[PDB]
Amino acid sequence: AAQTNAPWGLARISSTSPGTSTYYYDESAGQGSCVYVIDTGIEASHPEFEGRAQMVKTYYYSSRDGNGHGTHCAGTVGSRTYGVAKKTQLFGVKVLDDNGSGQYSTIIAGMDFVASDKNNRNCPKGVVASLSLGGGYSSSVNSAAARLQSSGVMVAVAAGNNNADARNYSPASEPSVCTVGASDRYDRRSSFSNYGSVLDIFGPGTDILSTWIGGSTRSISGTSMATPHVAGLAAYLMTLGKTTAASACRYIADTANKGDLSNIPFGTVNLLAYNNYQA
Ligand SMILES: [Ca+2]
């Protein structure tokens, strides 16, 4: 399949060079896989989700996304127009309030929740969790991410937006999960992207067009936007049978475009997520 005039980040993950505008992908498109978006929620009624999204848990008064961030990230995972894995099933867990903030105890509870809830869901091709959130180092938050990964869920987390070593942030600094940095459309490390030896992979994160609340769309930037490209790519590769939840991060690294990025500090991987699709 080929989506013409695609958002640049989708084109980039299906090309060995920057500057293209077509997203090439296998028509299976992640069908049979499930991705939990643990964030401010998802506007499940947005036409772009085609009924494939639902809220399964909230830690606040409402399960609605009153912010937009979670709907944007969900759109990059699995919306029709803006998504990597266009037939995946999306489940929303609202651990952040409508200002985008949340306590670490709530975020940990949401991770433990997904580890259990996935046992109640029909996801024959596997389960992914996308965490576009973080804050300062916490061993308890790292441990919760490690548990979620160990339970059989491919965990992708944002590296953070401090232009700093991600070793000082959580859950970015948990080695067992897949920690994602951001790049821009010219193949530079995004100016805000964290870096460091704990990063596993880069994905597109500057000026990413996706779904927004009120049935709308907008372009925003962050390692929060790069993470769902990698989460959607994992769901897509698991559906194709190329890899499993345990090894997807390593498979994505091994099959990445290598050495293409600029402004990568010594000690940080120079690897950009790539779907290796050949028609
Ligand atoms: Ca890792």
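One-based numbering, in listed order, for ligands and for the atoms of each. Heads up: numbering here begins at 1 and tracks the sequence.
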Original post:
Taking the Ca ion (ligand 1) as the centre, how many protein N/O/S atoms fall inside a distance shorter than 3.0 Å?
Top reply: 4
Original post:
Got a sec, which residues hit ring-ring contact (aromatic ring centres under 6.0 Å, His included) with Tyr25, two or more places apart in sequence or on another chain?
Top reply: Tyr23
Subject >> side chain to side chain contact (heavy atoms under 4.5 Å, CB included) involving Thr4 - partner list, sequence neighbours excluded >> reply: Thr22
Original post:
Is the closest side-chain donor-acceptor distance between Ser132 and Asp39 under 3.5 Å?
Top reply: no
**OP:** Starting from the C-alpha separation in whole Å, work towards a yes-or-no answer on side-chain contact (heavy atoms from CB on, under 4.5 Å) for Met225 and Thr76.
**Re:** CA-CA 7 Å; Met225 284 60 259; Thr76 296; 5.7 Å; no
Subject >> Partner residues of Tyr236 under the ring-ring contact (aromatic ring centres under 6.0 Å, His included) criterion, sequence neighbours left out >> reply: none
Original post:
If every non-hydrogen atom of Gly75 is compared with every non-hydrogen atom of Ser79, which pair is closest and at what distance?
Top reply: O-OG, 2.7 Å
